[PDB]
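A.B. asks: Structure below; questions to follow.
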Amino acid sequence: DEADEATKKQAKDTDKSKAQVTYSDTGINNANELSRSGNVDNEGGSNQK
Amino acid sequence: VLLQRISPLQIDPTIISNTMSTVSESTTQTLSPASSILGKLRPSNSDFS
Amino acid sequence: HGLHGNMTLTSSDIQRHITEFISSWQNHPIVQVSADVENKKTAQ
């Protein structure tokens with residue numbers, strides 16, 4: 001998800017509907033990437049509660 | 001953007017068009033090699049981010 | 001396409017024939033390269 005706003009924000013800065021420089025949908029199979037989120041706490045458990 | 005505002009280099013795509021110096025042959029159904037490469041390059045576009 | 005005994009003239013057939021005629025005319029060798037006006041280089 002966070003990649004999508006980067007491309008959308010990039011398009012706004014260049015004043016174009018679609019941007020040449022994109023952070024998403026590249027040719028690289030970057031399917032193992034992880035990013036910080038609110039599910040996991042400091043002990044490795046879920047934050048369902 | 002900062003690099004562009006302090007660099008003495010200007011990108012002028014008309015150099016490519018002048019060098020080719022090919023007149024329009026849209027009447028011909030086929031595309032000449034000179035006209036074909038110009039279509040791929042699209043010198044009209046001015047975004048060089 | 002238009003081979004059976006039941007022939008009915010229609011605008012679609014007219015358009016098809018027109019397209020064939022236009023393609024045949026445009027694919028002629030001399031028609032490919034020709035002009036009524038002259039460019040600067042050929043004038044030179």
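Residue names in the structure tokens use chain letters A, B, ... in the order shown, residue numbers from 1 in each chain, and ligand numbers from 1 in the order shown.
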With only C-alpha atoms considered, list every residue of chain B at most 9 Å from chain C, as a compact mmCIF listing (two decimals) with N, CA and C atoms, in the first residue's frame.
C.D. replies:
# COMPACT_ATOMS: atom_id res chain seq x y z
N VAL B 23 11.17 14.84 -43.86
CA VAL B 23 9.86 15.43 -44.06
C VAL B 23 8.79 14.40 -43.73
N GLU B 25 5.92 11.82 -44.26
CA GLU B 25 5.49 10.91 -45.32
C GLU B 25 4.32 10.08 -44.79
N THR B 27 1.44 9.92 -45.95
CA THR B 27 0.71 9.32 -47.06
C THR B 27 1.17 7.90 -47.33
N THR B 28 2.45 7.61 -47.12
CA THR B 28 2.96 6.26 -47.28
C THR B 28 2.41 5.37 -46.18
N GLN B 29 1.90 4.20 -46.56
CA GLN B 29 1.37 3.27 -45.57
C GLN B 29 2.47 2.74 -44.66
A.B. asks: Quick one: residues within 12 Å of residue 21 (chain B), only C-alpha atoms, excluding same-chain residues fewer than 4 positions away - as a ChimeraX atom specification?
C.D. replies: /B:14-17,34-35,38 /C:40-41
A.B. asks: Residues of chain B within 9 Å of chain A, counting only C-alpha atoms - could you list those as a list in words?
C.D. replies: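 Interface list for chain B against chain A: residues 47, 48 and 49 of chain B.
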A.B. asks: Name the residues in contact with region 25-42 of chain A at a cut-off of 12 Å, using only C-alpha atoms, excluding same-chain residues fewer than 4 positions from it; report them as a ChimeraX atom specification.
C.D. replies: /A:1-4,6-7,20-21,46-49
A.B. asks: So that I have them on file, write out the residues from the current selection with C-alpha atoms, as a PDB file, in the first residue's frame.
C.D. replies:
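Below you can see result_36.pdb, which holds the result:
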ATOM      1  CA  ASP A   1       0.000   0.000   0.000  1.00  0.00           C
ATOM      2  CA  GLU A   2       2.666   2.518   1.039  1.00  0.00           C
ATOM      3  CA  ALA A   3       4.221   2.159  -2.414  1.00  0.00           C
ATOM      4  CA  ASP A   4       0.972   3.332  -4.009  1.00  0.00           C
ATOM      5  CA  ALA A   6       4.511   7.283  -3.298  1.00  0.00           C
ATOM      6  CA  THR A   7       3.645   7.011  -6.991  1.00  0.00           C
ATOM      7  CA  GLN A  20       7.315   8.307 -15.162  1.00  0.00           C
ATOM      8  CA  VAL A  21       9.030   7.368 -11.888  1.00  0.00           C
ATOM      9  CA  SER A  46      -0.947 -10.047  17.650  1.00  0.00           C
ATOM     10  CA  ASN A  47      -2.716  -6.823  18.628  1.00  0.00           C
ATOM     11  CA  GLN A  48      -6.231  -8.171  18.105  1.00  0.00           C
ATOM     12  CA  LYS A  49      -6.733  -7.010  21.697  1.00  0.00           C
TER      13      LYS A  49
END
A.B. asks: Could you work out how far CA of residue 11 (chain A) lies from CA of residue 23 (chain A), giving the answer in Å with one decimal?
C.D. replies: 11.2 Å
A.B. asks: So which residues of chain C fall under helix (DSSP H, G or I) by DSSP, listed as a VMD selection string?
C.D. replies: chain C and resid 11 to 26 29 to 32 40 to 43
A.B. asks: Report, in Å with one decimal, the straight-line distance from CA of residue 5 (chain A) to CA of residue 2 (chain B).
C.D. replies: 22.7 Å
